[PDB]
$ cat run-v1.pdb   # PDB, N, CA and C atoms
ATOM      1  N   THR A 350     111.184  78.109 192.761
ATOM      2  CA  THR A 350     109.815  78.397 193.169
ATOM      3  C   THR A 350     109.607  79.897 193.309
ATOM      4  N   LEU A 351     110.613  80.664 192.903
ATOM      5  CA  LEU A 351     110.576  82.118 192.954
ATOM      6  C   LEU A 351     110.689  82.671 191.542
ATOM      7  N   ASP A 352     109.693  83.451 191.130
ATOM      8  CA  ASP A 352     109.548  83.883 189.747
ATOM      9  C   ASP A 352     109.014  85.308 189.670
ATOM     10  N   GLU A 353     109.509  86.054 188.684
ATOM     11  CA  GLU A 353     109.336  87.498 188.595
ATOM     12  C   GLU A 353     108.578  87.855 187.319
ATOM     13  N   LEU A 354     107.799  88.934 187.381
ATOM     14  CA  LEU A 354     106.942  89.333 186.273
ATOM     15  C   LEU A 354     107.733  90.010 185.160
ATOM     16  N   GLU A 355     107.255  89.820 183.931
ATOM     17  CA  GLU A 355     107.787  90.480 182.746
ATOM     18  C   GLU A 355     106.674  91.291 182.101
ATOM     19  N   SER A 356     106.916  92.584 181.908
ATOM     20  CA  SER A 356     105.902  93.493 181.393
ATOM     21  C   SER A 356     106.470  94.274 180.218
ATOM     22  N   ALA A 357     105.628  94.541 179.224
ATOM     23  CA  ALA A 357     106.031  95.266 178.031
ATOM     24  C   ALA A 357     105.036  96.374 177.723
ATOM     25  N   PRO A 358     105.522  97.594 177.464
ATOM     26  CA  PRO A 358     104.605  98.704 177.166
ATOM     27  C   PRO A 358     104.118  98.726 175.725
ATOM     28  N   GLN A 359     102.805  98.587 175.545
ATOM     29  CA  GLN A 359     102.152  98.759 174.249
ATOM     30  C   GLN A 359     100.921  99.636 174.472
ATOM     31  N   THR A 360     101.106 100.947 174.359
ATOM     32  CA  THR A 360     100.045 101.878 174.721
ATOM     33  C   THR A 360      99.101 102.117 173.550
ATOM     34  N   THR A 361      97.813 102.249 173.862
ATOM     35  CA  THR A 361      96.783 102.589 172.891
ATOM     36  C   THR A 361      95.905 103.692 173.459
ATOM     37  N   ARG A 362      95.320 104.491 172.574
ATOM     38  CA  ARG A 362      94.387 105.519 173.008
ATOM     39  C   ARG A 362      93.024 104.909 173.310
ATOM     40  N   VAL A 363      92.431 105.348 174.419
ATOM     41  CA  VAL A 363      91.147 104.839 174.883
ATOM     42  C   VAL A 363      90.251 106.020 175.229
ATOM     43  N   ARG A 364      89.045 106.022 174.658
ATOM     44  CA  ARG A 364      88.025 106.991 175.036
ATOM     45  C   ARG A 364      87.607 106.755 176.479
ATOM     46  N   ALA A 365      87.654 107.811 177.281
ATOM     47  CA  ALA A 365      87.462 107.694 178.717
ATOM     48  C   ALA A 365      87.050 109.058 179.257
ATOM     49  N   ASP A 366      87.093 109.205 180.580
ATOM     50  CA  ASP A 366      86.731 110.447 181.253
ATOM     51  C   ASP A 366      87.764 110.740 182.330
ATOM     52  N   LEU A 367      88.231 111.983 182.385
ATOM     53  CA  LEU A 367      89.208 112.420 183.375
ATOM     54  C   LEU A 367      88.647 113.600 184.152
ATOM     55  N   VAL A 368      88.715 113.517 185.475
ATOM     56  CA  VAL A 368      88.239 114.570 186.358
ATOM     57  C   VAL A 368      89.382 114.990 187.267
ATOM     58  N   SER A 369      89.603 116.299 187.357
ATOM     59  CA  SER A 369      90.593 116.872 188.256
ATOM     60  C   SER A 369      89.940 117.181 189.594
ATOM     61  N   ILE A 370      90.364 116.476 190.638
ATOM     62  CA  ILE A 370      89.869 116.705 191.989
ATOM     63  C   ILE A 370      91.058 116.930 192.908
ATOM     64  N   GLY A 371      91.138 118.131 193.470
ATOM     65  CA  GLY A 371      92.197 118.434 194.416
ATOM     66  C   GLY A 371      93.550 118.536 193.748
ATOM     67  N   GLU A 372      94.408 117.561 194.033
ATOM     68  CA  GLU A 372      95.787 117.575 193.574
ATOM     69  C   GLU A 372      96.122 116.417 192.647
ATOM     70  N   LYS A 373      95.143 115.596 192.273
ATOM     71  CA  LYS A 373      95.414 114.414 191.469
ATOM     72  C   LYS A 373      94.263 114.156 190.508
ATOM     73  N   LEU A 374      94.598 113.698 189.301
ATOM     74  CA  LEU A 374      93.578 113.389 188.308
ATOM     75  C   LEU A 374      92.892 112.075 188.649
ATOM     76  N   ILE A 375      91.563 112.078 188.567
ATOM     77  CA  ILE A 375      90.742 110.971 189.031
ATOM     78  C   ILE A 375      89.915 110.450 187.862
ATOM     79  N   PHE A 376      89.859 109.122 187.748
ATOM     80  CA  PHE A 376      89.146 108.433 186.678
ATOM     81  C   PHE A 376      87.697 108.248 187.108
ATOM     82  N   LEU A 377      86.774 108.301 186.148
ATOM     83  CA  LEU A 377      85.340 108.270 186.433
ATOM     84  C   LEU A 377      84.587 107.634 185.272
ATOM     85  N   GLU A 378      84.073 106.419 185.475
ATOM     86  CA  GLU A 378      83.159 105.787 184.528
ATOM     87  C   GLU A 378      82.049 105.070 185.284
ATOM     88  N   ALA A 379      80.980 104.726 184.559
ATOM     89  CA  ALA A 379      79.720 104.382 185.212
ATOM     90  C   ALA A 379      79.407 102.890 185.160
ATOM     91  N   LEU A 380      79.829 102.206 184.090
ATOM     92  CA  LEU A 380      79.667 100.761 183.875
ATOM     93  C   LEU A 380      78.194 100.337 183.888
ATOM     94  N   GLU A 381      77.441 100.890 182.942
ATOM     95  CA  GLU A 381      76.111 100.357 182.674
ATOM     96  C   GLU A 381      75.988  99.910 181.225
ATOM     97  N   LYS A 382      76.414 100.769 180.301
ATOM     98  CA  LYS A 382      76.332 100.423 178.889
ATOM     99  C   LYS A 382      77.457  99.488 178.472
ATOM    100  N   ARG A 383      78.629  99.618 179.088
ATOM    101  CA  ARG A 383      79.757  98.775 178.712
ATOM    102  C   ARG A 383      79.571  97.356 179.235
ATOM    103  N   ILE A 384      79.287  97.226 180.527
ATOM    104  CA  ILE A 384      79.120  95.943 181.198
ATOM    105  C   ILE A 384      77.786  96.008 181.933
ATOM    106  N   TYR A 385      77.099  94.855 181.997
ATOM    107  CA  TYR A 385      75.825  94.532 182.651
ATOM    108  C   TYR A 385      74.625  94.983 181.836
ATOM    109  N   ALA A 386      74.827  95.496 180.628
ATOM    110  CA  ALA A 386      73.710  95.837 179.760
ATOM    111  C   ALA A 386      73.036  94.563 179.266
ATOM    112  N   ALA A 387      71.746  94.419 179.590
ATOM    113  CA  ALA A 387      70.866  93.333 179.143
ATOM    114  C   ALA A 387      71.408  91.962 179.561
ATOM    115  N   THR A 388      71.585  91.821 180.871
ATOM    116  CA  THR A 388      71.848  90.530 181.491
ATOM    117  C   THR A 388      70.813  90.328 182.590
ATOM    118  N   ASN A 389      70.946  89.228 183.327
ATOM    119  CA  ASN A 389      70.149  88.986 184.521
ATOM    120  C   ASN A 389      70.903  89.328 185.798
ATOM    121  N   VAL A 390      71.968  90.107 185.701
ATOM    122  CA  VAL A 390      72.896  90.277 186.818
ATOM    123  C   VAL A 390      72.586  91.593 187.526
ATOM    124  N   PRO A 391      72.482  91.608 188.851
ATOM    125  CA  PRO A 391      72.350  92.885 189.557
ATOM    126  C   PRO A 391      73.649  93.676 189.527
ATOM    127  N   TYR A 392      73.501  94.985 189.655
ATOM    128  CA  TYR A 392      74.644  95.892 189.671
ATOM    129  C   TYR A 392      75.133  96.055 191.106
ATOM    130  N   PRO A 393      76.331  95.558 191.435
ATOM    131  CA  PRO A 393      76.708  95.415 192.851
ATOM    132  C   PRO A 393      77.002  96.728 193.536
TER     133      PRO A 393
ATOM    134  N   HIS B 100      70.721  88.726 170.527
ATOM    135  CA  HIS B 100      71.752  87.901 171.140
ATOM    136  C   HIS B 100      72.224  88.562 172.427
ATOM    137  N   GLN B 101      72.052  87.871 173.547
ATOM    138  CA  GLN B 101      72.342  88.457 174.845
ATOM    139  C   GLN B 101      73.771  88.176 175.266
ATOM    140  N   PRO B 102      74.490  89.194 175.722
ATOM    141  CA  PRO B 102      75.830  88.966 176.263
ATOM    142  C   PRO B 102      75.758  88.406 177.673
ATOM    143  N   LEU B 103      76.867  87.806 178.098
ATOM    144  CA  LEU B 103      76.949  87.116 179.382
ATOM    145  C   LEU B 103      78.154  87.617 180.155
ATOM    146  N   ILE B 104      78.043  87.616 181.474
ATOM    147  CA  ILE B 104      79.197  87.721 182.353
ATOM    148  C   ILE B 104      79.258  86.437 183.169
ATOM    149  N   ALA B 105      80.448  86.088 183.645
ATOM    150  CA  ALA B 105      80.684  84.820 184.327
ATOM    151  C   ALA B 105      80.819  85.063 185.825
ATOM    152  N   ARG B 106      79.982  84.392 186.610
ATOM    153  CA  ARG B 106      80.067  84.475 188.057
ATOM    154  C   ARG B 106      80.656  83.202 188.651
ATOM    155  N   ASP B 107      80.855  83.245 189.966
ATOM    156  CA  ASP B 107      81.262  82.094 190.753
ATOM    157  C   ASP B 107      80.031  81.406 191.328
ATOM    158  N   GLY B 108      80.252  80.507 192.282
ATOM    159  CA  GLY B 108      79.178  79.941 193.061
ATOM    160  C   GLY B 108      78.772  80.864 194.191
ATOM    161  N   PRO B 109      77.825  80.429 195.038
ATOM    162  CA  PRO B 109      77.094  79.162 194.969
ATOM    163  C   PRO B 109      75.890  79.218 194.037
ATOM    164  N   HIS B 110      75.486  80.424 193.662
ATOM    165  CA  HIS B 110      74.315  80.591 192.817
ATOM    166  C   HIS B 110      74.677  80.300 191.357
ATOM    167  N   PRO B 111      73.747  79.726 190.576
ATOM    168  CA  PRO B 111      74.148  78.792 189.514
ATOM    169  C   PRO B 111      74.753  79.444 188.283
ATOM    170  N   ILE B 112      75.049  78.579 187.313
ATOM    171  CA  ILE B 112      75.729  78.948 186.080
ATOM    172  C   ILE B 112      74.696  79.213 184.997
ATOM    173  N   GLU B 113      74.925  80.255 184.201
ATOM    174  CA  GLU B 113      74.042  80.603 183.097
ATOM    175  C   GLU B 113      74.678  80.191 181.779
ATOM    176  N   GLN B 114      73.834  79.877 180.791
ATOM    177  CA  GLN B 114      74.108  79.546 179.402
ATOM    178  C   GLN B 114      73.805  80.743 178.509
ATOM    179  N   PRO B 115      74.370  80.812 177.305
ATOM    180  CA  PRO B 115      73.938  81.847 176.368
ATOM    181  C   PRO B 115      72.519  81.623 175.885
ATOM    182  N   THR B 116      71.750  82.697 175.922
ATOM    183  CA  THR B 116      70.370  82.718 175.478
ATOM    184  C   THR B 116      70.306  83.362 174.101
ATOM    185  N   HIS B 117      69.238  83.063 173.370
ATOM    186  CA  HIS B 117      69.016  83.697 172.081
ATOM    187  C   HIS B 117      67.533  83.970 171.928
ATOM    188  N   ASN B 118      67.213  84.965 171.112
ATOM    189  CA  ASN B 118      65.841  85.393 170.909
ATOM    190  C   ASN B 118      65.588  85.606 169.428
ATOM    191  N   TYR B 119      64.417  85.182 168.966
ATOM    192  CA  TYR B 119      64.028  85.315 167.568
ATOM    193  C   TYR B 119      62.629  85.903 167.517
ATOM    194  N   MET B 120      62.516  87.118 166.991
ATOM    195  CA  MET B 120      61.276  87.875 167.020
ATOM    196  C   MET B 120      60.672  87.982 165.626
ATOM    197  N   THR B 121      59.346  87.892 165.573
ATOM    198  CA  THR B 121      58.582  88.052 164.344
ATOM    199  C   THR B 121      57.518  89.113 164.573
ATOM    200  N   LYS B 122      57.450  90.092 163.675
ATOM    201  CA  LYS B 122      56.453  91.150 163.740
ATOM    202  C   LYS B 122      55.708  91.234 162.418
ATOM    203  N   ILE B 123      54.389  91.343 162.496
ATOM    204  CA  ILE B 123      53.526  91.347 161.320
ATOM    205  C   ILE B 123      53.304  92.792 160.890
ATOM    206  N   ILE B 124      53.302  93.033 159.573
ATOM    207  CA  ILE B 124      52.987  94.354 159.048
ATOM    208  C   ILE B 124      51.552  94.727 159.403
ATOM    209  N   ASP B 125      51.379  95.924 159.951
ATOM    210  CA  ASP B 125      50.062  96.508 160.147
ATOM    211  C   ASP B 125      49.760  97.393 158.947
ATOM    212  N   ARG B 126      48.573  97.229 158.369
ATOM    213  CA  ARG B 126      48.275  97.779 157.054
ATOM    214  C   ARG B 126      47.106  98.746 157.134
ATOM    215  N   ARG B 127      47.251  99.904 156.489
ATOM    216  CA  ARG B 127      46.202 100.912 156.442
ATOM    217  C   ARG B 127      46.093 101.457 155.024
ATOM    218  N   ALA B 128      45.129 102.356 154.832
ATOM    219  CA  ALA B 128      44.879 102.982 153.542
ATOM    220  C   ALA B 128      44.426 104.420 153.759
ATOM    221  N   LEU B 129      44.341 105.173 152.662
ATOM    222  CA  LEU B 129      43.890 106.557 152.694
ATOM    223  C   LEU B 129      42.851 106.817 151.614
ATOM    224  N   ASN B 130      42.276 108.019 151.665
ATOM    225  CA  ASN B 130      41.154 108.393 150.816
ATOM    226  C   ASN B 130      41.252 109.869 150.463
ATOM    227  N   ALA B 131      40.672 110.237 149.321
ATOM    228  CA  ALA B 131      40.612 111.627 148.887
ATOM    229  C   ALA B 131      39.468 111.789 147.897
ATOM    230  N   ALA B 132      38.829 112.957 147.945
ATOM    231  CA  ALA B 132      37.674 113.277 147.111
ATOM    232  C   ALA B 132      38.055 114.371 146.123
ATOM    233  N   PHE B 133      37.895 114.080 144.835
ATOM    234  CA  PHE B 133      38.389 114.924 143.757
ATOM    235  C   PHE B 133      37.264 115.618 142.989
ATOM    236  N   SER B 134      36.009 115.302 143.333
ATOM    237  CA  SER B 134      34.850 115.293 142.432
ATOM    238  C   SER B 134      34.688 116.537 141.564
ATOM    239  N   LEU B 135      34.290 116.307 140.314
ATOM    240  CA  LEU B 135      34.054 117.337 139.318
ATOM    241  C   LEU B 135      32.573 117.702 139.278
ATOM    242  N   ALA B 136      32.187 118.463 138.258
ATOM    243  CA  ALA B 136      30.831 118.970 138.120
ATOM    244  C   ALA B 136      30.200 118.431 136.845
ATOM    245  N   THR B 137      29.037 118.992 136.503
ATOM    246  CA  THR B 137      28.249 118.474 135.389
ATOM    247  C   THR B 137      28.849 118.881 134.046
ATOM    248  N   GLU B 138      28.987 120.195 133.820
ATOM    249  CA  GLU B 138      29.464 120.697 132.533
ATOM    250  C   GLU B 138      30.928 120.365 132.283
ATOM    251  N   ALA B 139      31.720 120.207 133.351
ATOM    252  CA  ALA B 139      33.178 120.164 133.239
ATOM    253  C   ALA B 139      33.685 118.953 132.465
ATOM    254  N   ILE B 140      32.874 117.903 132.356
ATOM    255  CA  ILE B 140      33.202 116.801 131.460
ATOM    256  C   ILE B 140      33.151 117.271 130.013
ATOM    257  N   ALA B 141      32.030 117.882 129.624
ATOM    258  CA  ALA B 141      31.843 118.323 128.246
ATOM    259  C   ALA B 141      32.743 119.495 127.884
ATOM    260  N   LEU B 142      33.217 120.248 128.876
ATOM    261  CA  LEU B 142      34.163 121.321 128.610
ATOM    262  C   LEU B 142      35.569 120.782 128.402
ATOM    263  N   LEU B 143      35.838 119.576 128.904
ATOM    264  CA  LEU B 143      37.104 118.902 128.639
ATOM    265  C   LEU B 143      37.010 117.992 127.423
ATOM    266  N   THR B 144      35.849 117.370 127.212
ATOM    267  CA  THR B 144      35.696 116.442 126.098
ATOM    268  C   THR B 144      35.622 117.174 124.767
ATOM    269  N   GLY B 145      34.824 118.230 124.694
ATOM    270  CA  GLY B 145      34.663 118.986 123.473
ATOM    271  C   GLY B 145      33.250 119.055 122.954
ATOM    272  N   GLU B 146      32.254 118.722 123.774
ATOM    273  CA  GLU B 146      30.869 118.805 123.324
ATOM    274  C   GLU B 146      30.432 120.254 123.164
ATOM    275  N   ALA B 147      30.825 121.112 124.100
ATOM    276  CA  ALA B 147      30.420 122.509 124.061
ATOM    277  C   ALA B 147      31.411 123.398 123.324
ATOM    278  N   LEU B 148      32.440 122.824 122.707
ATOM    279  CA  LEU B 148      33.382 123.631 121.948
ATOM    280  C   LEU B 148      32.746 124.156 120.671
TER     281      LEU B 148
END

$ encode --input "run-v1.pdb" --output "structure tokens"
Amino acid sequence: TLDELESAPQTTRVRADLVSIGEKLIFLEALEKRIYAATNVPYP
Amino acid sequence: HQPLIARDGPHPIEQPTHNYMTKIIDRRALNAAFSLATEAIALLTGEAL
């Protein structure tokens, strides 16, 4: 009943945004055009 | 064709929707005035040559 995860690295390049704040790189995206575009769903 | 995201309860489940649109051509025309004179016919035809 005890089981452990198996993970494999398969890296791909992804268009994204990187912001340097302080001492660590911080990710920043907005999620309007990618997800929730033209649905009936409110943006939480 | 509308994309969907999947929610939980209690508020209900949505189905995929589709839309079919028809638009009619709107039609117009234009005008221009070229008009010649009296002698200029006979000067092109050859009466006064």

$ closest_atom_pairs --input "run-v1.pdb" --of "chain B" --to "chain A" --cutoff "8 Å" --atoms "only C-alpha atoms" --output "Markdown table"
| residue | atom | partner | partner_atom | distance |
| --- | --- | --- | --- | --- |
| B:101 | CA | A:387 | CA | 6.7 |
| B:102 | CA | A:388 | CA | 6.8 |
| B:103 | CA | A:388 | CA | 6.5 |
| B:104 | CA | A:385 | CA | 7.6 |

$ select_by_dssp --input "run-v1.pdb" --residues "chain B" --states "helix (DSSP H, G or I)" --output "list in words"
residues 138, 139, 140, 141, 142, 143 and 144 of chain B

$ axis_aligned_box --input "run-v1.pdb" --around "region 119-137 of chain B" --padding-each-side "3 Å" --output "lines of an AutoDock Vina configuration file"
center_x = 46.3
center_y = 102.1
center_z = 151.5
size_x = 42.2
size_y = 39.8
size_z = 40.9

$ atom_distance --input "run-v1.pdb" --atom1 "atom N of residue 141 (chain B)" --atom2 "atom C of residue 129 (chain B)"
26.9 Å

$ atom_distance --input "run-v1.pdb" --atom1 "atom C of residue 358 (chain A)" --atom2 "atom N of residue 371 (chain A)"
29.3 Å

$ atom_distance --input "run-v1.pdb" --atom1 "CA of residue 120 (chain B)" --atom2 "CA of residue 392 (chain A)"
27.5 Å

$ residues_around --input "run-v1.pdb" --residues "residue 368 (chain A)" --least-positions-apart "6" --cutoff "12 Å" --atoms "only C-alpha atoms" --output "PyMOL selection string"
chain A and resi 374-378

$ decode --input "run-v1.pdb" --residues "region 110-132 of chain B" --atoms "C-alpha atoms" --output "PDB file, in the first residue's frame"
ATOM      1  CA  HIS B 110     -23.406  24.752 -10.231  1.00  0.00           C
ATOM      2  CA  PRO B 111     -24.222  22.817 -13.355  1.00  0.00           C
ATOM      3  CA  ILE B 112     -22.435  21.116 -16.223  1.00  0.00           C
ATOM      4  CA  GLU B 113     -21.986  22.739 -19.637  1.00  0.00           C
ATOM      5  CA  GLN B 114     -22.061  21.096 -23.112  1.00  0.00           C
ATOM      6  CA  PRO B 115     -20.089  22.179 -26.189  1.00  0.00           C
ATOM      7  CA  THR B 116     -21.851  24.942 -28.071  1.00  0.00           C
ATOM      8  CA  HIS B 117     -21.567  25.765 -31.755  1.00  0.00           C
ATOM      9  CA  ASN B 118     -22.435  28.802 -33.842  1.00  0.00           C
ATOM     10  CA  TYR B 119     -23.214  29.176 -37.545  1.00  0.00           C
ATOM     11  CA  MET B 120     -23.291  32.700 -38.960  1.00  0.00           C
ATOM     12  CA  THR B 121     -24.622  33.986 -42.280  1.00  0.00           C
ATOM     13  CA  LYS B 122     -23.880  37.477 -43.605  1.00  0.00           C
ATOM     14  CA  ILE B 123     -25.404  38.988 -46.745  1.00  0.00           C
ATOM     15  CA  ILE B 124     -23.330  40.994 -49.229  1.00  0.00           C
ATOM     16  CA  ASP B 125     -24.081  44.712 -49.090  1.00  0.00           C
ATOM     17  CA  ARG B 126     -23.950  46.098 -52.617  1.00  0.00           C
ATOM     18  CA  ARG B 127     -23.142  49.575 -53.937  1.00  0.00           C
ATOM     19  CA  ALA B 128     -22.164  51.277 -57.191  1.00  0.00           C
ATOM     20  CA  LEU B 129     -20.249  54.310 -58.461  1.00  0.00           C
ATOM     21  CA  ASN B 130     -20.596  57.000 -61.112  1.00  0.00           C
ATOM     22  CA  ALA B 131     -18.424  59.250 -63.279  1.00  0.00           C
ATOM     23  CA  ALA B 132     -19.058  61.961 -65.877  1.00  0.00           C
TER      24      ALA B 132
END
